[PDB]
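Examination of the molecular architecture
Okay, here's what each chain looks like letter by letter:
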Amino acid sequence: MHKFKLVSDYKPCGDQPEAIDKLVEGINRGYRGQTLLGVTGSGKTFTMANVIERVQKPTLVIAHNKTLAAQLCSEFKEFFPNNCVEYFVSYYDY
DNA sequence: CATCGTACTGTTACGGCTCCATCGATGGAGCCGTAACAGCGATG
């Protein structure tokens, strides 16, 4: 049984630790749905990686466009080089 | 304005296969004409 390993020099700063702790506590409690009111440039990808690493559960991320999905996949590969990151988009060129 | 859907049709370049049109001369032998060659008698 493999585990999640995260490598990143950039430590959380500001409200990131509090948001991560709140999300982890809510997931552990068993809340069906939650919202992250993260502004642009605040590092939502870092918070997502942190909660995924803490929870240690399979994760499916849905994006509304291919470019954002590719950027998220590359970011998750960067944070998780040891771990496994996949990519499931449309293969129809036309 | 972006996203999705259980290997898609029609028309062109290019290489290999096949069918069809279009295209005298040299040596040997025989013959003719011309030049070349060979081939008993009587007297002192």
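Whatever comes next refers back to the structure up there.
A few words on the packing of aromatic side chains. Aromatic side chains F4 and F80 sit 5.8 Å apart centroid to centroid with 70 degrees between the ring planes, which places their arrangement in the edge-to-face category. Within this pair, whereas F4 is found in the segment before helix 1 (16-29), its partner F80 is found in the segment after helix 3 (66-79), the two being separated by 76 residues in sequence. A ring pair is formed by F76 and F80, whose centres lie 6.4 Å apart and whose planes are at 15 degrees; its orientation type is stacked. Aromatic rings pair up to connect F4, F76 and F80 into one cluster.

What follows concerns the packing of helix 1 against helix 2 (residues 44-55). Viewed as axis vectors pointing N to C, helix 1 and helix 2 meet at an angle of 40 degrees, and their least axial separation amounts to 10 Å. Our classification of the angle between helix 1 and helix 2 gives oblique. As helix 1 packs across helix 2, the resulting crossing turns out to be right-handed. Note on element contacts: helix 2 touches helix 1 through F46, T47, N50, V51, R54 and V55, opposite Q16, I20, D21, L23, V24 and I27. The residue makeup of the contact of helix 1 with helix 2, split by class, is seven nonpolar, three polar and two charged.

Each value, and the rule that gives it
- Residues numbered from 1 in each chain as written, not as in the entry; some residues may be left out.
- Chains lettered and ligands numbered in written order.
- Part of a larger assembly, values for the part shown.
- Heavy atoms only, no water.
- Residues with missing side-chain atoms left out of burial classes, pairs and counts.
- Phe/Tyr/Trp six-rings, centres within 6.5 Å; stacked < 30°, edge-to-face > 60°.
- Helix = DSSP H or I, 4+ residues; strand = E, 2+ residues; numbered from the N terminus.
- Axes fitted to C-alpha atoms, helices over the stretch in contact; angles between N-to-C directions.
- Parallel < 35°, antiparallel > 145°, perpendicular 65-115°, else oblique.
- Left-handed = near helix turned anticlockwise from the far one by under 90°.
- Contact = heavy atoms within 4.5 Å.
- Nonpolar A, V, L, I, M, F, W, Y, C, P; charged D, E, K, R; others polar.

Fair warning: the whole summary comes from geometry, so function is off the table for now.
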